[PDB]
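What follows is one structure encoded as structure tokens, with my remarks underneath.
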2 protein chains.
Amino acid sequence: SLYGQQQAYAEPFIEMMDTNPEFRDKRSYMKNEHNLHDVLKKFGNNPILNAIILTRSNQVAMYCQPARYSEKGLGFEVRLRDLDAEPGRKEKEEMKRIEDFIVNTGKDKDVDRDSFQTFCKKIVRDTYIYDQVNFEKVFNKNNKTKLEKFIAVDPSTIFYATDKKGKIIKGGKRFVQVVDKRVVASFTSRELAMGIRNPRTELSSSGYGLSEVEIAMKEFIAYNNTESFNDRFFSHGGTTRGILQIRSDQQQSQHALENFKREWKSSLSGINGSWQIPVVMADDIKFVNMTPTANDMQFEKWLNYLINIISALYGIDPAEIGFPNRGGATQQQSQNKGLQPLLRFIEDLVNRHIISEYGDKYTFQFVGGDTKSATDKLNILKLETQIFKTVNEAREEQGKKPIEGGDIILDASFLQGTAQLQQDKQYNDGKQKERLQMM
Amino acid sequence: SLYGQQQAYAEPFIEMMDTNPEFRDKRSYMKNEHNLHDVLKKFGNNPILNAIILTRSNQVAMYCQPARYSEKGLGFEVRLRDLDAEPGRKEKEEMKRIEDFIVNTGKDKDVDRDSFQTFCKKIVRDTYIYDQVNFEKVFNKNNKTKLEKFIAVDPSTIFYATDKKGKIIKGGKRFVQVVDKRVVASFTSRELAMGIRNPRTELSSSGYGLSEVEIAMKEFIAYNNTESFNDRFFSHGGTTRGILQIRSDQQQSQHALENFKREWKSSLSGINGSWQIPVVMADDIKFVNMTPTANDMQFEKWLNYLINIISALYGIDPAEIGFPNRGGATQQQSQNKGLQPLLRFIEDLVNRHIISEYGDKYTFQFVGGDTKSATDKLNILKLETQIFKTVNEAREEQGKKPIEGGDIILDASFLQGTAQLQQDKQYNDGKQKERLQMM
């Protein structure tokens with residue numbers, strides 16, 4: 001049921017007793033807690049995590065515009081599934097309409113609704129915090145077959161529904177929304193998407209993704225309490241430099257000490273009388289140091305290590321978030337592993353969920369920001385054509401029609417060989433005139 | 001039986017007594033524990049391991065799209081087994097259908113089922129944690145000969161089945177699924193695949209792969225308890241800076257000490273009165289230090305060594321996971337040893353298990369991300385053609401048909417020699433006219 005009809009089991013044979021029959025709960029890795037997103041919501045406010053989220057969101061936001069409206073190639077585009085297939089006036093108009101629909105996130109403009117930029121900015125946060133993304137579709141009521149609007153829904157409230165036997169359902173309504181432990185609404189598979197970026201095969205998770213926050217929970221709390229320890233020097237006591245002991249047979253009366261303080265403040269306090277030296281005629285005086293000569297941050301390398309491993313979990317370069325790399329440099333490759341997989345994930349999700357409603361012959365893809373790869377591709381072609389490939393063969397290979405002029409291989413020598421062969425060929429073929437002349 | 005009919009023994013002659021007759025258990029290397037995947041599941045949650053898994057999964061996810069739908073060459077492709085063999089309209093359509101089938105992981109689209117991207121992301125995790133991968137096939141019920149769907153199954157629940165004599169079976173059902181120590185279902189060899197990345201020949205393992213987690217178990221627990229030791233400075237006591245001793249003939253009453261604390265807090269605590277100096281008139285005062293002047297992380301090099309060897313076991317560069325390389329640099333070659341073998345393993349598995357159902361004449365392979373190797377190949381050809389190879393010979397060599405113009409060797413000098421030879425040849429051959437004229 002979970003994926004379809006199959007011979008094997010890919011779901012827990014025995015249900016979790018404490019869970020409600022109507023749905024299957026999402027739980028921690030070790031089954032330590034049957035309620036996970038509640039504690040992940042607490043870490044949702046962490047600065048380091050939020051810094052990563054915001055950096056990735058800003059990176060994605062640039063790509064979130066259509067290509068044909070952009071003077072430069074950066075953006076997204078819709079095209080026919082086959083690159084070699086020709087376009088058409090009807091299909092071009094349909095693709096333009098679909099692109100405008102995605103840009104406006106609906107059939108018609110509405111200021112009250114999200115632009116696709118904000119939708120992606122929501123999706124990245126939901127992907128990197130909870131590792132679960134969901135968005136609702138609004139099919140036309142006059143015609144169930146077609147689509148009108150689509151918007152995002154928070155993943156924390158959405159669960160997998162279950163049948164009376166407790167097994168996850170396939171047919172009909174499959175996803176259910178829960179608020180304050182009460183069932184509110186449920187959705188058909190087509191009506192609500194489910195994107196999992198970090199899936200797992202073990203029966204315990206039952207298909208729910210694994211979020212990096214759960215993995216780094218210990219590290220996150222360690223970072224938090226380390227920061228608290230550093231800040232408690234100021235927000236709490238212990239900032240004394242030392243104690244000035246004065247030996248005496250009798251402890252001086254508090255009035256005398258107050259007058260002592262008055263004299264000290266009047267003579268030495270502040271910039272006024274800063275450089276002056278007092279004089280005291282007691283038996284013996286000592287100054288005992290309680291703190292070192294100069295203070296500084298503590299456990300610096302510990303923080304660097306923690307943030308480095310946390311960054312490595314998300315695949316982001318620590319240098320972007322203002323920390324040193326414990327190895328390597330101390331950007332293209334960092335971007336290649338960090339951003340491009342996320343863009344491809346969003347691409348696949350949006351494609352297979354939205355474009356399925358219009359037709360198989362179309363697809364959605366991002367474009368731009370990859371000049372170097374295209375440069376190397378063109379260099380491959382430019383080196384290949386010198387010896388191997390004809391101009392017309394390459395042009396046909398890349399979904400274009402040939403140009404008259406012969407299927408020439410571009411080299412100034414090669415042309416002279418063909419020209420010389422043709423010139424001498426015409427000389428030899430001209431001797432057939434003499435051959436017939438004797439007749 | 002294990003591999004086929006053979007003269008030698010490649011399975012334990014005497015069965016393990018404590019194992020159930022229905023299947024052969026998978027056990028540790030030293031036979032210390034007869035149950036292994038249970039303890040490996042515990043280490044499945046480790047951050048370092050999960051970081052490696054996620055990095056490799058993100059690396060693989062980029063390649064997991066078809067080539068002909070991608071503007072750039074990165075992706076996968078299906079082609080005829082012989083590169084020199086010509087294509088055809090029928091075969092091209094069949095290959096396109098097969099590629100779409102692999103992309104959708106079934107005969108028809110289904111949102112409820114995994115895309116091949118998520119399938120690969122599952123496979124890498126199962127390959128690097130357990131060193132065992134399995135996926136079920138769903139043949140058409142109306143026709144057993146052909147295939148409809150295929151999906152992944154967790155390797156922890158799957159075992160090798162055994163006969164009444166305890167020997168592993170070849171014919172019929174060979175693989176069995178066990179849940180909570182109960183047999184649930186069993187599968188034919190064609191119906192369920194078995195991929196082993198790190199095989200062994202010793203009879204003790206009986207063909208089961210060896211997982212790197214078992215090898216690094218000691219190192220993993222050492223890393224865990226080292227991290228716990230570092231964190232217990234904050235999560236547990238021992239954070240005192242020192243003790244302020246004040247000598248007195250009598251221990252002061254607790255009321256006096258409380259008033260002492262009140263005065264101290266009122267005068268010195270917090271930012272308020274931070275720079276002030278107290279005064280005390282006791283006989284003698286000391287401050288004894290219990291911790292050093294400045295704290296920092298401990299056993300740093302030990303952690304670096306541990307993570308370096310763990311990374312070397314998996315073949316991943318430590319620099320990717322935010323650690324320094326103890327040798328070398330302190331990326332192409334690291335990728336070449338790390339990623340490409342995994343891609344080739346997935347390639348071989350998918351090929352020999354899926355494409356076998358359609359025909360021998362087809363094959364599945366990845367493509368792209370290897371411009372430098374192709375550049376060197378083209379450079380080999382470009383240097384060879386100057387002296388050695390004709391244009392038409394090379395074109396024939398690479399599964400293409402010749403171009404009219406002669407089998408020329410590309411060098412501006414060589415063409416002049418042929419042209420000069422032909423020009424003088426025609427001069428000499430023209431003297432046959434004079435030879436016949438005298439007749």
(request) Within the range B:62-81, identify whether any single residue is assigned to a helix (DSSP H, G or I), farther than 22 Å from B:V138 by Cβ, of a type in the set (A, V, I, L, M) and within 9 Å of another protein chain (Cβ to nearest Cβ), and answer yes or no. (result) yes
(request) Just name the residue that is surrounded by the most Cβ atoms within 10 Å (Cβ to Cβ) out of those in the range B:115-144 that are among the charged types (D, E, K, R) and in a loop (DSSP other than H, G, I, E, B). (result) B:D131
(request) Kindly provide the set of residues from the range A:164-185 that are within 14 Å of chain B (Cβ to nearest Cβ), part of a strand (DSSP E or B) and either loosely packed, with under 15 Cβ neighbours inside 10 Å or touching a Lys or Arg at 6+ places or on another chain (Cβ under 8 Å) (or both), ordered by number. (result) A:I168, A:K173
(request) Give B:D108, B:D112, B:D100 a once-over and let me know the one that is closer than 29 Å to A:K137 by Cβ, more than 7 Å from chain A (Cβ to nearest Cβ) and part of a loop (DSSP other than H, G, I, E, B). (result) B:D108
(request) Look through A:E86, A:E94 and report the one residue that is acidic (D, E) and assigned to a loop (DSSP other than H, G, I, E, B). (result) A:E86
(request) Name the single residue, out of those in the range A:226-247 being closer than 15 Å to B:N295 by Cα and facing another protein chain (nearest Cβ under 9 Å), that is surrounded by the fewest Cβ atoms within 10 Å (Cβ to Cβ). (result) A:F229
(message) For the structure I just gave you, tell me whether B:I243 is aliphatic (A, V, I, L, M), within 57 Å of the chain's Cα centre (by Cα) and in a helix (DSSP H, G or I).
(response) no
(message) Filter the range B:362-388 down to the residues that are more than 30 Å from B:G88 (Cβ to Cβ) and among the acidic types (D, E) and list them by number.
(response) B:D376, B:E384
(request) Output the residue which, of all residues in the range B:286-323 that are buried (at least 19 other Cβ atoms within 10 Å of the Cβ) and outside any helix (DSSP H, G or I), is nearest to the other protein chains (Cβ to nearest Cβ). (result) B:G322
(message) When the residues of the range B:191-206 are narrowed to those that are touching a strand residue (DSSP E or B) at 6+ places or on another chain (Cβ under 7 Å) and assigned to a loop (DSSP other than H, G, I, E, B), which ends up nearest to the other protein chains (Cβ to nearest Cβ)?
(response) B:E191
(message) With buried (at least 17 other Cβ atoms within 10 Å of the Cβ), within 12 Å of another protein chain (Cβ to nearest Cβ), of a type in the set (G, A, S) and touching a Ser or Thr at 6+ places or on another chain (Cβ under 8 Å) as the only criterion, which of B:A161, B:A152 stands out?
(response) B:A152
(request) Can you confirm whether the range A:345-363 contains a residue that is under 21 Å from A:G73 (Cβ atoms) and among the small types (G, A, S)? (result) no
(message) Looking only at the range A:393-421, how many residues end up being over 17 Å from A:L381 (Cα atoms), assigned to a helix (DSSP H, G or I) and more than 7 Å from chain B (Cβ to nearest Cβ)?
(response) 3
(request) Mind listing just one residue for me: the one in the range B:324-344 that is surrounded by fewer than 17 Cβ atoms within 10 Å (Cβ to Cβ) and either of a type in the set (D, E, K, R) or within 28 Å of B:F139 (Cβ to Cβ) (or both) and, of those, farthest from the other protein chains (Cβ to nearest Cβ)? (result) B:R344
(message) I need the full set of residues from the range A:360-392 which are over 30 Å from the mean Cα position of the chain (by Cα), assigned to a helix (DSSP H, G or I) and either facing chain B (nearest Cβ under 8 Å) or of a type in the set (F, W, Y) (or both), in order please.
(response) A:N379, A:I380, A:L383, A:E384, A:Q386, A:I387
(request) Search the range A:21-46 for residues being loosely packed, with under 15 Cβ neighbours inside 10 Å and either more than 30 Å from the chain's Cα centre (by Cα) or of a type in the set (V, I, T) (or both), and hand back the single one that is farthest from the other protein chains (Cβ to nearest Cβ). (result) A:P21
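Every read-out reported here was derived from the displayed coordinates using simple, explicitly stated rules and does not represent laboratory data. Virtual Cβ from ideal backbone geometry, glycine too; neighbours counted across all protein chains shown.
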